[PDB]
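Below, each chain spelled out in residue letters.
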Amino acid sequence: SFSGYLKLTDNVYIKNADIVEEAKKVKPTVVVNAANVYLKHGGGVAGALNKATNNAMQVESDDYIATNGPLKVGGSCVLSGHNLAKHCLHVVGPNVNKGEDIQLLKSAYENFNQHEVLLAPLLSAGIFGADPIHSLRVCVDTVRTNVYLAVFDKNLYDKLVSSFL
């Protein structure tokens, strides 16, 4: 199962790990993607997850967008997890670098509550430009299901754990 995760709360766990490597190892029921409204998996977690699926996640996502149109910021869709997970929950956190509303981060985390257990990144962190300390705070205060957070950056992981209230 998941291993080496530090317990933050009753249901939130955290580890300094590459989410792609965690997904290939654990093969969880749900891996969360840090998606944009277009499901264009170019960089960050999305680019890395997509690259691990040999671009199959992108092909599937483009068919989904062609049929359904874009997601909302704060919204999500469930697609295949390909070789990484049974499912991929593509969640759109606000991208503060693109001027999106940070108040939508709580709405984005609410999507996790539809799944009993998930492997996930911190939403809106990294290239999405939000404060990762704030993202972890919103995560612990919003998610009620079991979330295993994979934090790619070592120094950020240490800062998140040492500053966690």
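Placed above this text is the structure.
In what follows, the accompanying structure is described. (Residues numbered from 1 in each chain as written, not as in the entry; some residues may be left out. Heavy atoms only, no water.)

Focus: the layout of surface pockets
Move 1: Roughly 410 Å³ of internal volume is contained in the largest pocket.
Move 2: If you trace the largest pocket, you find 20 residues lining it, with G44, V45, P121, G126 and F152 closest to the centre.
Move 3: Those elements giving two or more residues to the lining of the largest pocket turn out to be α2 (44–52) and β7 (146–151).
Move 4: Taken together, the residues that form the lining of the largest pocket break down as 15 nonpolar, three polar and two charged. (1 Å grid on protein atoms, 1.4 Å probe; cavity = no way out; pocket = protein on both sides within 12 Å on 5 of 7 lines; lining within 4 Å. Points joined across faces, edges and corners; volume = space filled by probe spheres on them. Helix = DSSP H or I, 4+ residues; strand = E, 2+ residues; numbered from the N terminus. Nonpolar A, V, L, I, M, F, W, Y, C, P; charged D, E, K, R; others polar.)

Considering the pairing of strand β4 (residues 76–80)
Move 1: Alignment of β4 against strand β5 (residues 87–92), held across five bridges, turns out to be antiparallel. Note that in β5 the partner of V78 across the bridge is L89. (Pairing = 2+ DSSP bridges.)

Quick word on unusual backbone geometry
Move 1: At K27, a residue that is not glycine, the phi angle is positive and equals roughly 50 degrees.
Move 2: Looking at the secondary structure, you find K27 in the loop between α1 (19–26) and β3 (30–35).
Move 3: Phi is positive for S124, close to 65 degrees, though the residue is something other than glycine.
Move 4: Its location among the elements puts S124 in the loop between β6 (117–120) and α5 (132–142).

Focus: α5
Move 1: Of the residues making up α5, those classed as buried are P132, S135, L136, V138, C139, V140 and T142.
Move 2: Where the residues of α5 are buried, they touch β2 (12–16), α4 (104–110), β7 and α6 (154–163). (Buried < 20%, exposed > 50% of the residue type's maximum accessible area, 1.4 Å probe, protein only. Contact = heavy atoms within 4.5 Å.)

Quick notes on the environment of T142
Move 1: When you line up the elements, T142 lands in helix α5.
Move 2: Exposure remark for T142: the relative accessible area of 5% places this residue in the buried category.
Move 3: The sequence separation of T142 and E110 amounts to 32 residues, and the corresponding C-alpha distance is 6.3 Å.
Move 4: In contact with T142, other than residues within four places in its own chain, are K106, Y109, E110 and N113.
Move 5: A polar contact of 2.9 Å, which involves the side chain of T142, links it to the side chain of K106. (Polar contact = N/O pair within 3.5 Å; in protein donor to acceptor, adjacent residues only side chain to side chain.)

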